[PDB]
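Down below is the structure, laid out as structure tokens.
Chain letters run A, B, ... following the sequence lines, proteins first, then strands; residues in each count from 1.
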2 protein chains.
Amino acid sequence: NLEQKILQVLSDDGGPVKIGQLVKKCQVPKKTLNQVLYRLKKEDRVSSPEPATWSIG
Amino acid sequence: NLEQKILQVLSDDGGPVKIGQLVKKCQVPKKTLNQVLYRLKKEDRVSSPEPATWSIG
DNA sequence: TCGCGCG
DNA sequence: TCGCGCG
């Protein structure tokens with residue numbers, strides 16, 4: 001599950017994480033990450049305080 | 001040459017052509033068309049009078 | 001009314 | 001300072 005891996009990465013970091021940093025950590029392409037990230041965001045489960053930058057909540 | 005085919009399609013039509021209509025006519029994906037279209041546009045060789053709509057000049 | 005071409 | 005997720 002990509003979703004759990006993304007959440008773990010973000011939670012462990014604790015701060016704003018760049019999409020590029022998630023690629024290294026999750027080992028999947030940016031497009032694939034963004035499909036999940038934007039979904040999570042619409043679910044109020046992550047936020048994007050900056051463009052292509054992600055954090056928990 | 002995709003470039004010549006795009007130009008032919010646009011010239012024959014004579015008016016504003018939707019990206020979707022170019023796919024049918026050129027038989028290549030939208031992304032591939034747009035890479036060429038935007039290049040042609042930067043070359044002042046096509047115009048986009050509307051979003052995802054293209055014409056000659 | 002989503003425009004997306006992007007390196 | 002390009003944001004891109006897009007169906």
Partners meeting salt bridge (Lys or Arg N to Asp or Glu O under 4.0 Å) with A:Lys18 (sequence neighbours left out): A:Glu50
statement: Per atom distances to the A:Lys31 side chain, the nearest of C:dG3, C:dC6, D:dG5 is D:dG5
- prompt: Tell me: CD1 of B:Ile6 to P of C:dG5, nearest whole Å?
  reply: 12 Å
statement: Closest heavy-atom pair, A:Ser55 versus A:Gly15, reported as atoms and distance to 0.1 Å, is CB-O, 3.9 Å
field: Whole-Å gap separating P (C:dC6) and NZ (B:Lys42)
entry: 15 Å
task: Tell me which nucleotide among D:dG3, C:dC4, D:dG5 gets nearest to the side chain of A:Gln35.
output: D:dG5
task: Rounded off to whole Å, could you give me the CG-to-P distance for the B:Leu22 and C:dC4 pair?
output: 12 Å
Residue B:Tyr38, side-chain atoms from C-beta onward, closest of C:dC4, D:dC4, D:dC6: C:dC4
task: Apply side-chain contact (heavy atoms from CB on, under 4.5 Å) to A:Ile19 and A:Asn34, showing your working.
output: CA-CA 8 Å; A:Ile19 185 66; A:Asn34 280 327; 3.7 Å; yes
query: Can you check the B:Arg39 CZ to C:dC4 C1' distance for me, whole Å?
result: 18 Å
message: Among residues at least two apart in sequence or on other chains, which ones pass side-chain contact (heavy atoms from CB on, under 4.5 Å) with A:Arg39?
response: A:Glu3, A:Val36, A:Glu43
message: By nearest atom, which of the nucleotides C:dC6, D:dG5, C:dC4 is closest to the B:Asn34 side chain?
response: C:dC4
Euclidean distance, atom CG of residue B:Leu33 to atom P of C:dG3 [Å, nearest integer]: 15 Å
query: Separation of A:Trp54 atom CH2 from D:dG3 atom P, in whole Å?
result: 12 Å
- request: Could you tell me the separation between the NZ atom of B:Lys41 and the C1' atom of C:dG3, rounded to a whole number of Å?
  value: 13 Å
Rounded distance in Å - NZ (B:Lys18) to P (C:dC2): 13 Å
